[PDB]
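*Asks:* coordinates only, no sequence provided:
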Ligand SMILES: *[C@@H]1O[C@H](CO)[C@@H](O)[C@H](O)[C@H]1NC(C)=O
């Protein structure tokens, strides 16, 4: 069973440049590696096979290299369409195994989030449970991190976080997180705060809200 | 002109069995391998197995030895995979792919991917709630205003703002599966701060599998 | 499979007998049938063939061993590895004190694409040899009549290895390898085609028409005989004078 | 029973083979449910006979009732035009100048 690692798990690039994506196998697979493209809305596509042979119909800007345990795929002169997901697969040893894949983005610039916090409306609280929501919008990179405090008391475990599907239209992202509590504790707890940190920011950003506003 | 087209999505209870299908057109179906691959978030592509339909030669990955069972009908050029004793871990997309010596057994064509969702949750319409802007400060140039859909199964829930009249800055975060077995989802828009005093923003949502229609308004405070 | 390791002094084949696995043809079917019947046993000893770089235990839809696909239990359908089918060069010496009967075969795919799919090479080749003898089979890629859902075939061949001799199997595709050898024997065993039922009784003679007494010196029942049978003659009757005029 | 008489052509030269049949090498397969025969043409020069260095190798197949004949070829096929109705009886053959 040949396990693999495809690197980097995250590739940030811009159209027109040339890049390489690495794939490594647990043990030797001779020359038999293939590179596939996955993009939403249609079928996955075979780019390269046997390590270095170009599949028919694929533009020549895709070209593979390597052998044994080390393989690479060169993508040259990035078209805007080339910004998709890519996988490497061995077909030497029988139980075909795929790499975890890589995400390729476009228009690689920096931008800071807009950080907001919302209360659970009264129709949430009549359920007997309070669920606070924290939001981050239009940010890049995707290294955002979220944090909660109630009456300046730190919280964890009782909360969760989630992210958008990475945008291809603008390649800026958003994040939504939730914290759950009892209505009884919600009534007495007045302050809620959500803090965050972002790669593009120099200081943590904390927002807070109180009853009656 | 060659393609593989698979069955539609499936919603299975735990302990059941489902037969995914894959029709092939544009070539001699009996001669090429049909290879079944599993994909799900984080884990990525995972090769289930393959079958040579003409011979019926089946060959499985060890991890799916008892889980899967390939079959082929050459008259309709249709391969089948019978996933048996479904569990929550089987919720995933499954691809059928063409393989042969032409591409040195690299999968040169793929199906569109049939999605399977395994869950004991019963069908349920969402609860739709507002997310008010200007929690503390009244005006901050533009603020986000949201609508939260919760406690619904199965996916999807189709959302729009102001009956589709509002589209600038609209972002809908794909759903999250909670420990309760029900889905949750957030939708949000960016609106001018002043408009809060003279404009009403309303989220329209349809939970189609039960046709649960909900209109819910949102405002500061 | 109920006949595994069975032994007989007379194997009785029924006209209703049928084959329900991969369609196969035995070049010189009569020779193999006769020598196996004369051997008198199906005693099969598995051997540790080291098939390197290939997929063992292949199967087909036509040959349903259990809930799904299967294959002949005494044959091993070798199939390509992930993307390669090396030149198998295995060997097996006969250090024992008896002849070893190896049953192997060559696969005949229906189409060129099927051949390339099962075996990376466009054309296969099987060679099975001993110190003196050798056999080489070239698979033929062509469509045969639909039998149990298949247009392909398997051609069955056999090799006999004497003590001290060594078997060598060299193949580049289309090899239906053996899983071992059948222990050959010499004796009174034979085979017969008969639809007659079998009963608990004594008889030194057997014919397809059934057991017959052997007190008389001649018989007109059948020319096919087993045991201490009377000699066959065309005459229906022959009265011998056990008295006087 | 149906008796089909067919054959495989053996050209004298590779160019002749390619001229008669586009493929560089031929192949004939004639099979029934049980039996099968495959012939690979051999391209080589034989002794001059009636102006020809090529040959035809004649083969026969017998098809029982309910059985089906299949002929699969990619070149060098001397096909049959039909079948000879087989019979069982007292017929025989003899060499004699009398
Ligand atoms: C048949 O007998 C041999 C010994 O001669 C033994 O190794 C083998 O396991 C037996 N097979 C079965 C099915 O009993």
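*Replies:* That came through fine. Numbering: from 1, shown residues only, chains lettered A, B, ... in the order given.
*Asks:* test my guess that residue C:164 contacts residue C:98.
*Replies:* No - using CB atoms under 8 Å, residue C:164 is not in contact with residue C:98; the gap is 11.4 Å. To be clear about C-beta, it is placed using only N, CA and C from the backbone, and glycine gets the same treatment.
*Asks:* so for these two, which sits in the more crowded spot?
*Replies:* residue C:98 (14 against 11; other CB atoms under 10 Å in any protein chain shown).
*Asks:* which one is the residue in chain B positioned nearest to chain C nearest to, not counting chain neighbours?
*Replies:* Distance from chain C to each residue of chain B (CB to the nearest CB) is smallest for residue B:56, at 2.6 Å. In space, and not counting its chain neighbours, residue B:56 is closest to residue C:61: 2.6 Å by CB to CB, 6 or more residues apart in numbering or on different chains.
*Asks:* what does the longest helix along chain C contact?
*Replies:* Assignment by DSSP state H gives helix C:29-39 as the longest helix of chain C. If you take CB atoms under 8 Å, 6 or more residues apart in numbering or on different chains as the criterion, helix C:29-39 is touched by C:11, C:26, C:42, C:101, C:156, C:158, C:182, C:184-187, C:189-191.
*Asks:* for chain C, list the residues in contact with chain A, please.
*Replies:* C:55, C:81-84 (CB under 8 Å from any CB of the partner chain).
*Asks:* mind checking which of those are in strands?
*Replies:* Taking DSSP state E, the ones among the residues of chain C next to chain A that sit in strands are residue C:55.
*Asks:* can I get the residues of chain C next to chain A in a markdown table with neighbour count and distance to the ligand?
*Replies:* A markdown table is the format used below for the residues of chain C next to chain A (neighbours: other CB atoms under 10 Å in any protein chain shown; distance: CB to the nearest ligand atom, whole Å):
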| residue | neighbour count | distance to the ligand |
| --- | --- | --- |
| C:55 | 17 | 24 |
| C:81 | 19 | 29 |
| C:82 | 20 | 32 |
| C:83 | 24 | 35 |
| C:84 | 19 | 33 |
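*Asks:* sorry, back to before: quick one: buried residues of the longest helix of chain C?
*Replies:* C:32, C:36-37, C:39 (16 or more other CB atoms under 10 Å in any protein chain shown).
*Asks:* ok now that helix, how far from the chain's centre?
*Replies:* Taking CA atoms, centre = their mean, to the nearest Å, one finds helix C:29-39 lying 8 Å from the centre of the chain it belongs to.
*Asks:* establish whether it and the ligand are in contact.
*Replies:* No - judged by CB under 6 Å from any ligand atom, helix C:29-39 makes no contact with the ligand; its nearest approach is 13.2 Å.
*Asks:* partners of the following helix or strand past that helix in the sheet?
*Replies:* As assigned by DSSP states H and E, the chain's next helix or strand after helix C:29-39 is strand C:44-46. The strands beside strand C:44-46 in its sheet (DSSP bridges) come out as strand C:180-183 (antiparallel).
*Asks:* who's in contact with the strand it pairs with?
*Replies:* By CB under 8 Å, 6+ apart, the residues outside strand C:180-183 that reach it are C:36, C:39, C:41-47, C:74, C:98, C:100-103, C:161.
*Asks:* quick check: the residue of chain B closest to chain C touching residue C:69?
*Replies:* Yes - with contact defined as CB under 8 Å, residue B:56 reaches residue C:69; the gap is 5.7 Å.
*Asks:* between the two, what contacts are shared?
*Replies:* With CB under 8 Å, 6+ apart, residue B:56 and residue C:69 have common neighbours C:59-61.
*Asks:* against chain A, how distant is residue B:151?
*Replies:* According to CB to the nearest CB, to the nearest Å, residue B:151 and chain A sit 9 Å apart.
*Asks:* the residue of chain B closest to chain C: what's it in contact with?
*Replies:* Applying CB under 8 Å, 6+ apart, the residues near residue B:56 are B:72, C:59-62, C:69, C:149.
*Asks:* what about 6 Å?
*Replies:* C:60-61, C:69 (CB atoms under 6 Å, 6 or more residues apart in numbering or on different chains).
*Asks:* reformat those as TSV; add secondary structure and neighbour count.
*Replies:* TSV is the format used below for the contacts of residue B:56 (DSSP: H, G, I helix; E, B strand; the rest coil; neighbours: other CB atoms under 10 Å in any protein chain shown):
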residue	secondary structure	neighbour count
C:60	strand	25
C:61	coil	24
C:69	coil	22
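*Asks:* and these, which is closest to chain D?
*Replies:* Nearest to chain D out of the contacts of residue B:56 is residue C:60 (CB to the nearest CB; 17.0 Å).
*Asks:* next, the buried residues of stretch B:9-17.
*Replies:* Within stretch B:9-17, the residues that count as buried by 16+ other CB under 10 Å are B:10-12.
*Asks:* that should have said stretch A:50-65, apologies.
*Replies:* A:50-51, A:55, A:62-64.
*Asks:* same thing with stretch C:109-128?
*Replies:* By neighbour count on 16+ other CB under 10 Å, the buried set for stretch C:109-128 is C:109-111, C:113-121, C:124-128.
*Asks:* next one: stretch A:148-155
*Replies:* Under the neighbour-count criterion of 16+ other CB under 10 Å, stretch A:148-155 has A:148-150, A:155 buried.
*Asks:* those also near chain B: which ones?
*Replies:* By CB under 6 Å from any CB of the partner chain, no member of those lies near chain B.
*Asks:* between those, which is closest to residue B:127?
*Replies:* residue A:148 (22.5 Å; CB to CB).
*Asks:* coming back round to it: and the furthest pair within the buried residues of stretch A:50-65?
*Replies:* A:50 and A:62 (13.7 Å).
*Asks:* which parts of chain C sit against the ligand?
*Replies:* So chain C meets the ligand at C:4-5, C:43-45 (CB under 6 Å from any ligand atom).
*Asks:* by neighbour count, which of these wins?
*Replies:* residue C:44 leads the residues of chain C next to the ligand on contacts (other CB under 10 Å) with 18 neighbours.
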